[PDB]
Amino acid sequence: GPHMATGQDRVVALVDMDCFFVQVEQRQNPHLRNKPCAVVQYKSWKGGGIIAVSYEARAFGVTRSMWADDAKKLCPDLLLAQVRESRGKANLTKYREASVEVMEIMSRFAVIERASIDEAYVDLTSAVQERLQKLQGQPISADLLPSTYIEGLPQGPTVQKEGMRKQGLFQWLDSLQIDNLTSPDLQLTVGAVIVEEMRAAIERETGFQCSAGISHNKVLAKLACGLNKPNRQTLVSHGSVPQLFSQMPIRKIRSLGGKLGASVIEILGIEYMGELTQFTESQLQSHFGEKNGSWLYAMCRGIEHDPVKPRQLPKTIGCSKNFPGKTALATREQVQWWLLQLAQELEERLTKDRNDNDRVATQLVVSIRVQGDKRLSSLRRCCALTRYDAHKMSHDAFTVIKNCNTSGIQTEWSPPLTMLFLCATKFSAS
DNA sequence: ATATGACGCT
DNA sequence: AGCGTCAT
Ligand SMILES: Nc1ncnc2c1ncn2[C@H]1C[C@H](O)[C@@H](COP(=O)(O)NP(=O)(O)OP(=O)(O)O)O1
Ligand SMILES: [Mg+2]
Ligand SMILES: [Mg+2]
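19 is the number of the first residue of the first sequence in this note's numbering; add one for each residue after it.
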């Protein structure tokens, strides 16, 4: 009771760009704005693969990993932008650079952990504290929170979305104990005020809109973010968790979206996150291991301790390309030529990285997939990365994978390769 | 024929 | 080290 952990020590946010690659293309081409549109990779095979979808297009049922020709059947007006292709492969430079625009703005407010090309976690605890001392006793106006939803509100004793949003915000703000500078609810609220500012600054300075979640940990923050996308932010309080988790499918929670989550469901015979509470920590550990049981026990009560890692820059720099179906590489010449293509892009980005972030990669990981094998990687090998030179890197990469070739004929490659992947890792200061 | 990046397990 | 899991 009086010694029970409640996981309310931190204020953490997750900011995620709304249909990010689409916004990047739409900024550059005003014709795409306010229109159903998608970003497509390649063109030949069925119009190309869709990897990002505007919300206008989503209303038609257009989704990621849909072929462009199929998307057009759902949405004939659909506008497309193609990913740049360089040396026969997708070149994502424009989105990486757009990403850096956003991460630099967020970094001004607090420490961020880059979690993907289009999202970062923020530890706002310190900023909230200071903002709270600069704002002693001053009540928080709803005007400071113009795009914020309070999850679970309004409750108890209007038919418009914005009307609902405001009612809940009013109920929340009326109930706040403003004199207590250690109230977790107040802290979150102040956290939300800062995130409004962060999000205003991102949009002012990039043109890009985003959503955000504000809570006490990463998992709740990430979950919160998705509840009112696009162009809105959501506060998930500790108190909101029992009802939210009561009908929350286990798979929605970060890290439970795969086999572990399926296993939780299967072995325990449950569906929703809240149902985990009726198990002891030891029961959970016995089914899912010491680490997982401990984590599940706390998480189903809204408690999670994974820290926001102070890291704005990726730890590996990588290049990959699949070679599906008929296009699978089957000669030594093909393999070597594509290793060179991959290595050349990698060199470009490594060189850029060394100038920009004052570090040098020191290990090259080569990964291939072979025909028939469904795993992401059939095989990973590594060598030293001593010189930022594509020819050396590609030759080195061939060297450490060439014995994977089961072919009697020297000019042929079997089994055929369906993926090549070069990844520079183990960075050192420079 | 669904380009990358982080991390856990052994 | 090399593979497995989960993610955008
Ligand atoms: N499986 C994948 N494969 C290739 N590219 C991908 C990808 N998933 C995402 N991308 C690229 C394309 C995406 O634009 C970008 C961010 O991914 P999200 O945040 O998951 N989705 P978005 O920001 O588009 O929409 P919203 O957040 O509003 O739901 O990463
Ligand atoms: Mg996004
Ligand atoms: Mg994202």
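Heads up, the beta-carbon is just placed ideally off N, CA and C, and yes, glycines get one too.
Taking the Cβ atoms as the reference, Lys-444 lies roughly 7 Å from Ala-379, within the contact range of under 8 Å. Distances from the CB of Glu-137 to the heavy atoms of ligand 2 include at least one below 7 Å. Annotated three-state conformation of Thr-443 is strand, per DSSP. Taking the CA atoms as reference points, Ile-220 sits about 19 Å from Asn-52.
Looking at the DSSP output, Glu-430 shares a beta bridge with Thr-349.
Nearest neighbour of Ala-145 by Cα position, chosen from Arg-132, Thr-404, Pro-164 and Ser-125, turns out to be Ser-125. Listed in chain order, the beta strand (DSSP E) runs fully inside the stretch 247-296 are 251-253, counting runs of at least 3 residues. Linking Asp-391 to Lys-344 through their CA atoms gives a straight-line distance of about 15 Å. Ligand 1 never approaches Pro-54 closely enough for any of its heavy atoms to be under 7 Å from the residue's Cβ.
Using a C-beta cut-off of 8 Å, the stretch 119-135 makes no contact with the stretch 40-54, since fewer than three inter-stretch Cβ pairs fall below that distance. In this structure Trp-63 is exposed. Its beta-carbon is surrounded by fewer than 16 other beta-carbon atoms within 10 angstroms. A heavy atom of ligand 2 is found nearer than 7 Å to the CB of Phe-38. When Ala-89, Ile-69, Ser-83 and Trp-85 are compared, the shortest CA-CA separation from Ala-77 is found for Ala-89.
In the DSSP annotation of this structure, the continuous segment of the beta strand (DSSP E) that includes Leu-32 starts and ends at 30-35.
By the criterion of at least three beta-carbon pairs nearer than 8 Å, the stretch 96-105 is not in contact with the stretch 127-137. At least one heavy atom of ligand 3 sits closer than 7 Å to the Cβ of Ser-134. For the 8 Å CB-CB criterion, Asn-235 and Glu-322 form a contact.
By DSSP's assignment, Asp-376 forms no beta bridge with any residue. By the neighbour-count definition (other C-beta atoms within 10 Å, threshold 16), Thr-166 is a buried residue.
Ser-258 sits buried, since 16 or more C-beta atoms from the chains shown fall within 10 Å of its C-beta. Residue side-chain check: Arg-82 places its Cβ nearer than 7 Å to a non-hydrogen atom of ligand 1. For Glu-119, the secondary structure class from DSSP, reduced to helix, strand or coil, is helix.
Checking the DSSP bridge columns, you'll see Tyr-167 partnered with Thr-252. For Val-42, the CB contacts under 7 Å within the same chain, skipping 5 residues up- and downstream, are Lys-112, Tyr-113 and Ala-116 in chain order. If the five residues before and after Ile-283 are omitted, its C-beta is found closer than 6 Å to the C-beta atoms of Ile-268, all from its own chain and listed in chain order.
With contacts defined as CB atoms closer than 8 Å, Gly-65 and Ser-83 fail to qualify as a contacting pair. The residues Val-30, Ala-31, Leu-32, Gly-231 and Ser-233, in chain order, have a CB closer than 6 Å to that of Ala-239 in the same chain once the five nearest residues on each side in sequence are set aside. The C-alpha of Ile-335 lies about 24 Å from the C-alpha of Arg-272.
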